[PDB]
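# Residue-level structural notes
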Amino acid sequence: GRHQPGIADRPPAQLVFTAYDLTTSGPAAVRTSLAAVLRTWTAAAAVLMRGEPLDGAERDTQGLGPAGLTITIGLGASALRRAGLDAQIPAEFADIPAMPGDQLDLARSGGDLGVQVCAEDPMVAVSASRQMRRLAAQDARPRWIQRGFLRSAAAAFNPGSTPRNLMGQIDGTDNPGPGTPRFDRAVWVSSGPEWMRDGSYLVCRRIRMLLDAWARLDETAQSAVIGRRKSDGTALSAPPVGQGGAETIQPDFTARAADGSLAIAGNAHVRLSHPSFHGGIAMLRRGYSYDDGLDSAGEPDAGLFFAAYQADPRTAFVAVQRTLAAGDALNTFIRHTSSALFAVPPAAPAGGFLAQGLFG
Ligand code: HEM
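- The record lists X-ray crystallography as the method behind this PDB entry and 1.65 Å as its resolution.

Next comes the structure, spelled out in structure tokens:
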């Protein structure tokens, strides 16, 4: 209704995220190109998500069903800057500041436009992502492309179980649940410039995991990095499942363990990211595992393509990452190799297009 799909939907097994740069120059020309791409993409994304044949498409999905395809479109602040639309950049749309430990690859970062393609089927996701690319080709070219994955519905004991990441951790437990007032408050913009109300702000970070170093820790040490048991996801301040535990039991940051130590370490990931240290502000983490084989030096390159939605990145992603960068035990085992912020606007009205209000 009011929102773009692909945010509150349960994330399916496959992701293809493409950031694009507008290829013309000059504010008037960039403005025209930006509207043209948004116009074409809004219409095409609807055809594709309905499972209808797109004019000019390739037969790479012939013989397939729609497979939960969602297509979510965001604008980079550079698109508005390049188009001379600076006055319509809301306060929340501020640039993500450089932070200690950053190792951002410029070629994999930023972008005028971002397209999140999700589907349960890998061909469906790659195919739709290439169709969006084809349709924008005269006005925009990919700047970077990330493919990601999560466990499949078919193989899961239950398709609704929280995914594990490549570190073996349950990843998503304290996300707000879709359809709840907590989710709406955390995720959707509800004030400010009209064009972004019922939108959300997306922060992408391609976070490499140092998995060989990770594997040298025993599970006790790995659990202590996060603040939750790796086995069952319970807070280390709470009992494990079977001794009264449940993953909904919130962490208690002053509880003592049986050996008298602070149960959740002062540098535990969950301690430093918890809303109670950040004014109650939560975020929707909708990330995907990635595995890009070997980097240029022959070293493994796999991790988490982090993708968080929030009403205000300043008080969500940025405020939390500032704390993590200063002290998180997890920092030993991860490297942020990219960053991109996108304003993901509300759903277009019938016959309109995404972010059309910028062009009034
Ligand atoms: C590869 C990098 C990362 C890994 C492996 C990781 C892993 C985890 C795990 C295992 C949990 C506990 C279960 C859960 O509630 O989902 C968690 C919670 C959380 N993480 Fe991360 N995370 C990473 C990066 C980040 C970043 C970059 C941010 C924000 C800047 C972040 C923010 C959060 C938040 C807000 C929570 C929930 C806190 C709560 O309410 O309990 N994480 N993460």
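## So, the site of the ligand
- The environment of the ligand is formed by 28 residues, the closest being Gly172, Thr173, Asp174, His269 and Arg285.
- Interatomic distance of 2.9 Å between a side-chain N/O atom of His269 and a nitrogen atom of the ligand.
- Taking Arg285, its side chain carries an N or O atom lying 2.9 Å from an oxygen atom of the ligand.
- Among the elements of the structure, β5 (200–209), α7 (269–273), β8 (300–310), α8 (314–327) and β9 (334–336) are those that each provide at least two residues to the shell around the ligand.
- Per-element accounting of the shell around the ligand gives the leading share, four residues, to α8.
- Here the residues of the shell around the ligand sort into 15 nonpolar, nine polar and four charged.

## Observations regarding the coordination of the iron atom of the ligand
- Exactly one protein atom donates to the iron atom of the ligand; that atom is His269 (NE2), 2.1 Å from the metal.
- Position of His269 relative to the elements: it lies in helix α7.

## A short note on the pattern of salt bridges
- Considering all chains together, one arrives at 13 salt bridges under this definition.
- The salt bridge partner of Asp102 is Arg205, with a shortest N-O separation of 2.9 Å. You can see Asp102 sitting in the loop between α2 (77–82) and β3 (113–119) and its partner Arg205 sitting in strand β5, a full 103 residues away along the chain.
- What makes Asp102 partly exposed here is its relative accessible area of 22%.
- Residue classification places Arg205 among the buried residues on the basis of a relative accessible area of 0%.
- The closest approach of N and O atoms between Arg285 and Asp171, which form a salt bridge, is 3.4 Å. You can see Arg285 sitting in strand β6 (residues 284–285) and its partner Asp171 sitting in the loop between β4 (140–149) and α4 (181–187), a full 114 residues away along the chain.
- The exposure class of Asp171 is partly exposed, given its relative accessible area of 25%.
- Here the residues in one salt-bridge network are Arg206, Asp292 and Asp301, joined through shared partners.

## A word on the UniProt feature "domain: Dyp-type peroxidase N-terminal" (unreviewed entry) in the protein chain
- Listed under "domain: Dyp-type peroxidase N-terminal" (unreviewed entry) in the UniProt record, and renumbered for this structure, are residues 4–149.
- End C-alpha atoms of residues 4–149 are separated by 21 Å, and the span's content is 30% helix alongside 22% strand.

## Some thoughts on the environment of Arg2
- With respect to the helices and strands, the residue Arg2 is situated in the segment before β1 (14–22).
- Classification of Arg2 as partly exposed rests on a relative accessible area of 47%.
- The spatial distance from the C-alpha of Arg2 to the C-alpha of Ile145 is 28 Å, given a sequence separation of 143 residues.
- Once you skip the residues sitting within four places of it in the chain, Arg2 turns out to touch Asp198, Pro346 and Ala347.

## Focus on the UniProt feature "binding site: heme b" (unreviewed entry) in the protein chain
- Look at the UniProt record and you will see "binding site: heme b" (unreviewed entry) annotated at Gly172, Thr173, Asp174, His269, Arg285 and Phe306.
- Judged by its relative accessible area of 26%, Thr173 falls in the partly exposed class.
- Residue contacts for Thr173: discarding those within four places in its chain leaves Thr162 and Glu247.
- On the accessibility criterion, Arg285 (30% relative accessible area) is partly exposed.

## Examining the pairing of β1
- Counted residue by residue, β1 has nine buried out of nine residues, so it is predominantly covered.
- Relative to β3, β1 is paired through seven bridges, and the arrangement is antiparallel. Looking at the pairing, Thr18 lines up with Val115 of β3.
- Sheet topology note: the β1/β4 ladder contains nine bridges and is antiparallel. Its bridge partner lying in β4, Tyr20 is registered against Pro142.

## Observations concerning the side chain of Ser33
- Here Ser33 shows up in helix α1 (residues 27–49).
- Polar contacts involving the side chain of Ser33 include one to the side chain of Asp139, which spans 2.6 Å.
- Among all residues touching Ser33, those that are not within four sequence positions of it are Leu22, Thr24 and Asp139.

About the criteria used
Residues numbered from 1 in each chain as written, not as in the entry; some residues may be left out. Heavy atoms only, no water. Near = heavy atom within 4 Å. Polar contact = N/O pair within 3.5 Å; in protein donor to acceptor, adjacent residues only side chain to side chain. Helix = DSSP H or I, 4+ residues; strand = E, 2+ residues; numbered from the N terminus. Nonpolar A, V, L, I, M, F, W, Y, C, P; charged D, E, K, R; others polar. Donors = N, O, S within 2.8 Å, 3.2 Å for Na, K, Ca; no water. Salt bridge = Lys/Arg side-chain N within 4 Å of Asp/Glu carboxyl O. Buried < 20%, exposed > 50% of the residue type's maximum accessible area, 1.4 Å probe, protein only. UniProt positions renumbered as here; feature names shortened; annotations may be inferred. Contact = heavy atoms within 4.5 Å. Pairing = 2+ DSSP bridges.

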